[PDB]
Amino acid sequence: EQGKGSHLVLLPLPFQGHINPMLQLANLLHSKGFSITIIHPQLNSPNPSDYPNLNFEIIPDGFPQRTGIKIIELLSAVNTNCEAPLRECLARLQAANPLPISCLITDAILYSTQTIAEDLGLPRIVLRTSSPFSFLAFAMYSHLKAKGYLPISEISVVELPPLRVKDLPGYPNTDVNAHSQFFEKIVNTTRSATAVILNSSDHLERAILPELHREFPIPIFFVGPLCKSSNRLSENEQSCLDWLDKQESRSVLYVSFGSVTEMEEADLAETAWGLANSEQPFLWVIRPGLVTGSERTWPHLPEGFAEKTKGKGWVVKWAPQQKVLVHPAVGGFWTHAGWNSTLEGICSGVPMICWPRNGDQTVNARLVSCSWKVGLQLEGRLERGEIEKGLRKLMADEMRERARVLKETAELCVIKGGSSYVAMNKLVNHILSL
């Protein structure tokens, strides 16, 4: 097997939407014959028992922490508090097995791994877990400031169709200058690696593919969708599947806003009443930590909601999302348009309604609704009226046919001969050549 005898160390950023593709990549590479060490902070640490073919080294992260505000601060804090323990753990790993790490594969957001890799003389490959389209925005961010797109709504960003100003990637309560600093750091430490892995396919990116290559001085591998590649479900996850088994085919709206976005009580109430008033069956994930600054207890739902929706809805703290999405009862997906959830909806043929919040979410949601046209976007603060219109519109009536095509195209790119199967074999060769 091609990689046997080659030790790769993969470094995810410690949140689920980053851990998940890094470890899909990990399992894929292990199946190509590599030995895989994951190094991870204790923060949101994955379960080793779900990845029995991977070796796990857990490091102290020196920290709770809010994930929906002050995002540049949090992400700089993750880099900083983990850096010294990472350095010492990598050095101990080399010393403790002089019998050698071939490569470091690092989340693009962990820009601290560049200095670490240079000091250890190790080659780096950067994994970008956001949408490849969003990279184009990050790369030309100061140019978008130049042309007066930023700061600040529906004006077409002509350089980046179909994006509007309001779709450009950003973080709450954050100035253009802070955005330019941060994005330029991630862009630079991606461009300084030996290669960049993108979690998408040649076909999904066809409209921008030439442009993408030109924004990187280094080779690019389109190995996704990586989700197309556990050992025990929690109580909340297993109830998801048992409840769906009772529901009519394609009748369920699955609702989940990822692992890190946040809401206040009032937005959650509008969600809830919009959901209830739409009268659609729904599986709603309200993760611990979604709702901030409230004084009420999980699931923070308005009084009367459970009563009005008994029989129609199921509320949980976590869902086995990928199994939920291929489940025959699931007919739509209200997402925040995180890239993993976008891909997972595409791979499952499930039309989506998008309420993006920050980062590439706003890019992805516009792509879902305008470019791939496999779903719709809620524009805006959530308001129950507009939400119910969106949910009834999603679950009624074509979009499904385009979603079916996209799904089939994703199946074909990952099998033998597919562009992503090819691209992963070139990646393996790039790794072996280092």
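Counting begins at 1, following the sequence as shown.
Colleague: Please classify the unmodelled stretch of the deposited sequence between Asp397 and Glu398: none, 1 to 3, 4 to 9, or 10 or more residues.
Modeller: Unresolved stretch here: 4 to 9 residues.
Colleague: What is the count, as a class, of unmodelled deposited residues between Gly380 and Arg381: none, 1 to 3, 4 to 9, or 10 or more?
Modeller: Unmodelled stretch: 1 to 3 residues, a short break.
Colleague: Select between 157 to 165 and 211 to 219 the stretch whose C-alpha atoms have the higher average B-factor in the entry.
Modeller: Comparing averages over the C-alpha atoms only gives 211 to 219.
Colleague: Per the record, averaged over C-alpha atoms, which has the higher B-factor: 173 to 181 or 329 to 337?
Modeller: Of 173 to 181 and 329 to 337, the stretch with the higher C-alpha B-factor average is 173 to 181.
Colleague: I'd like to know which of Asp202, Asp267, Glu248, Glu237 has the highest C-alpha temperature factor in the PDB entry.
Modeller: In the PDB entry, the greatest C-alpha B-factor among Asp202, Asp267, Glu248, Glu237 is found at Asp267.
Colleague: Whose C-alpha has the highest temperature factor in the PDB entry: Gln65, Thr37, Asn27, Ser45?
Modeller: If I rank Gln65, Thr37, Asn27, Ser45 by C-alpha B-factor, first place goes to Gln65.
Colleague: Is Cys413 in the lowest, middle or highest third of its chain when residues are ranked by C-alpha B-factor?
Modeller: Its C-alpha B-factor, which the entry lists for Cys413, ranks in the middle third among residues of this chain.
Colleague: What third of its chain, lowest, middle or highest, does the C-alpha temperature factor of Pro299 fall into?
Modeller: Lowest third - that is where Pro299 ends up once the chain's C-alpha B-factors are sorted.
Colleague: Which third, lowest, middle or highest, does the C-alpha temperature factor of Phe138 belong to within its own chain?
Modeller: Middle third of the chain for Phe138's C-alpha B-factor.
Colleague: Within this chain, which third does the Cα B-factor at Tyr149 fall in: lowest, middle or highest?
Modeller: Ranked within chain, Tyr149 CA B lands in the highest tercile.
Colleague: So where's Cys354 on the chain's Cα temperature factor ranking, which third?
Modeller: Its C-alpha B-factor belongs to the middle third of this chain's values.
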